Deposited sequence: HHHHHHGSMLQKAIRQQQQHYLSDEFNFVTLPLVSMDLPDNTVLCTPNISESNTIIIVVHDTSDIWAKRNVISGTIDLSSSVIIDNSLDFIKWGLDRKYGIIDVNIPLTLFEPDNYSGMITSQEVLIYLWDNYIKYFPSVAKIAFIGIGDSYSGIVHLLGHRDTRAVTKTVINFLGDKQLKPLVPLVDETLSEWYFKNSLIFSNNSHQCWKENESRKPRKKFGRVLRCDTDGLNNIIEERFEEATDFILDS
């Protein structure tokens, strides 16, 4: 039986690309000279001329579907995309913010997602060095990282001076492993990162079973599951964003 997991990852991002184009006319941010698909990064038009930007980073979205229990096969008509960034996108558009949506493919068929995290680091560095750094009108960025993909955000904070425009970082972690920030340029960054971040994790997390300050203010949600903790704490998150 032939695996179908990679095809699915691309099918998911492509339907997302479709909705975001039809509904809010997003577009692609050519991440040329990297062997990643075009719709990896998507963004509001005239993003270059935007004041405030929300940048949402995530791994491929989950698919929920019922499953004929004994055949074990997936009910195609019940299949839906659980898009954890869509509500942040709609929230920011409704305040005329610039939106950047980054999609990082999961590393399937491997003990964990180390490699996906590395890709996340590389894409956010490309984004910052070739774009954004050359955005004239950008003032105030908020970063939202869903799942493992958040590694790319923390990496960028530590490997680029950034505090000129970065006002908030949010991480909806779930059951994933906490990402440390190890500053390279400035040690103040440790204190800044703790006072300007929210790291939302599953109630059932390994931690709390003592998180150190390099991790940046970890909070224990009352539920589990990325979708659940985002629903649970979307207001606390957006609240925290606006006060910066």
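Residues 1 to 2, 212 to 216 of the deposited sequence have no C-alpha coordinates in the model.
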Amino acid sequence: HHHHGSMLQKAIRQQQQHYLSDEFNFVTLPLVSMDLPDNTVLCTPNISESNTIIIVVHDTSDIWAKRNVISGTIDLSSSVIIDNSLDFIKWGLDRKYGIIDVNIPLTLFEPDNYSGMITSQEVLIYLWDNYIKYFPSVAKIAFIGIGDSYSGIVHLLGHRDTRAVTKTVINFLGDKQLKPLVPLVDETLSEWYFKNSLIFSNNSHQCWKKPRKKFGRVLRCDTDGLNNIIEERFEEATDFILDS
From here on, numbers count along this sequence of modelled residues.
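Between 25 to 33 and 210 to 218, it is 25 to 33 that carries the larger average Cα temperature factor according to the deposited entry. Comparing 125 to 133 with 110 to 118, the stretch with the higher mean C-alpha B-factor in the PDB entry is 125 to 133. By the numbers in the PDB entry, the CA B factor is greatest at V182 among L178, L198, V182, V57. Highest C-alpha temperature factor among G72, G174, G152, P105, as the PDB entry reports it: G72. When the modelled residues of the chain are ordered by their C-alpha B factor, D161 lands in the highest third. The deposited CA B-factor of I89 belongs to the middle third of values across its chain.
Ranked by Cα temperature factor within the chain, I229 sits in the lowest third according to the deposited record.
Looking at the C-alpha B-factors along this chain, the one for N203 belongs to the middle third. The PDB entry assigns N51 a C-alpha temperature factor belonging to the highest third of its chain's modelled residues.
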